[PDB]
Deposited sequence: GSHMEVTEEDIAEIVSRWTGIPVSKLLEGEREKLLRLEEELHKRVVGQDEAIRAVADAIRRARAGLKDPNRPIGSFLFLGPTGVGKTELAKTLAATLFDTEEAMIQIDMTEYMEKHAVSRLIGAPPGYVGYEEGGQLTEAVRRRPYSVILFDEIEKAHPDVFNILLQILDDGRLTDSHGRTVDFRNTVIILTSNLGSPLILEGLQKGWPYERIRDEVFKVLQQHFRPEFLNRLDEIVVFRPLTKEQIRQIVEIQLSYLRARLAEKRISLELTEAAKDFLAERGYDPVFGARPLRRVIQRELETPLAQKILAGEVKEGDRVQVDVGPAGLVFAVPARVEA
């Protein structure tokens, strides 16, 4: 039968059950890694860790009263931690709206617990958000910064797979994936390299600070601890391409194509990445170096509907040509 599709039947069941379409259609699962790599370049370990946890939960091998999976993502800023959480929410649960992000730098000071589970009588951000979306990826950023009382509420989710809010009713977390992140150790490494410490001292200092914040009792609850890597030059080039996709899409609406020389792509990659911020500068580099002078060319009619535009490097920056 060809007229009524899988998605039609999943959609009706989803609307009636609250179970996301992609969850109901999970099996119709082996490809999860390939799907995640559509958006996340490199960080293969992270992707496999996440996919393995999900496979174990689906195969009935894990505790049904704990979340689907829980991870700590260590390593530097701007190399894919958030992109993977987003991509995982969109993939498992059909939208990025299914990613709940919590910045622990906003939960350092004691009363912040109320902000999470609700003020004491006389609701909470998290508990309300998870009540209404039980199928969600929950991203806690900079977990070491959490006030201890906030830290303990996370431990309850890991241990119990649920929370009781201030109203005294349970909120279910058994269908969540928990991703914790921390930058710890990364500025210390750069500081060591700047001050010319020996590898020995750099390593010892990183281990000290990790031991200080993350104890076995905590770490043992997680499916995996993953250390994200810095990105290679090639990986940044592939990210540049991903970040040009929407621009190409808009250009193609006027049948304009963009043909970047290798030097051009490397020009954007070099400017759009650094050790401190990872690939976070890349978006505005593209905007300033490519989209703005291209806009000018189009508005002057030097670039026209149908044109194929070679983008190269000139002295002042990127240069544009049409054959």
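Missing C-alpha runs, given along the deposited sequence, first residue counted as 1: Missing CA coords at 1-2, 31-33, 128-133, 335-339.
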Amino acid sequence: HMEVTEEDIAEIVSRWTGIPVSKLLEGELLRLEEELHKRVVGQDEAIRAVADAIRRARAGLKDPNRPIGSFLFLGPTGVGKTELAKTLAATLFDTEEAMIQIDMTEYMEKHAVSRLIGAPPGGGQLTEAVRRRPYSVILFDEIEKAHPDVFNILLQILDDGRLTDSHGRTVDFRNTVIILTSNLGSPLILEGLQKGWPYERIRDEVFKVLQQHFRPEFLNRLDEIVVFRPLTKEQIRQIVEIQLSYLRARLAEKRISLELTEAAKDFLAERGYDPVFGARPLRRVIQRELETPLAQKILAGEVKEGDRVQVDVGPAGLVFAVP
From here on, numbers count along this sequence of modelled residues.
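Please compare 250-258 with 61-69 and say which has the higher mean C-alpha temperature factor in the record. Going by the record's values, the stretch with the higher mean is 250-258.
Averaging only over Cα atoms, indicate whether 260-268 or 283-291 has the higher B-factor in the PDB entry. Comparing 260-268 with 283-291, the higher average CA B-factor belongs to 260-268.
So among 223, 191, 103, 144, who wins on Cα B-factor in the entry? That would be 191, according to the entry.
Comparing recorded Cα B-factors across 238, 166, 87, 181, which one is largest? It is 166.
Going by the CA temperature factor in the PDB record, which third of the chain does residue 244 belong to: lowest, middle or highest? Tercile = middle for this residue's CA B-factor.
Quick check for you: using the entry's CA B-factors within this chain, is residue 75 in the lowest, middle or highest third? Ranked within chain, residue 75 CA B lands in the lowest tercile.
Could you place residue 299 in the lowest, middle or highest third of its chain by Cα temperature factor, using the values in the record? Highest third of the chain for residue 299's C-alpha B-factor.
Select lowest, middle or highest to describe the third in which the CA B-factor of residue 83 falls within its chain in this entry. According to the entry, residue 83 has a C-alpha B-factor in the chain's lowest third.
Sort the modelled residues of this chain by their C-alpha B factor and say whether residue 52 lands in the lowest, middle or highest third. As the PDB entry reports it, the C-alpha B-factor of residue 52 lands in the lowest third of its chain.
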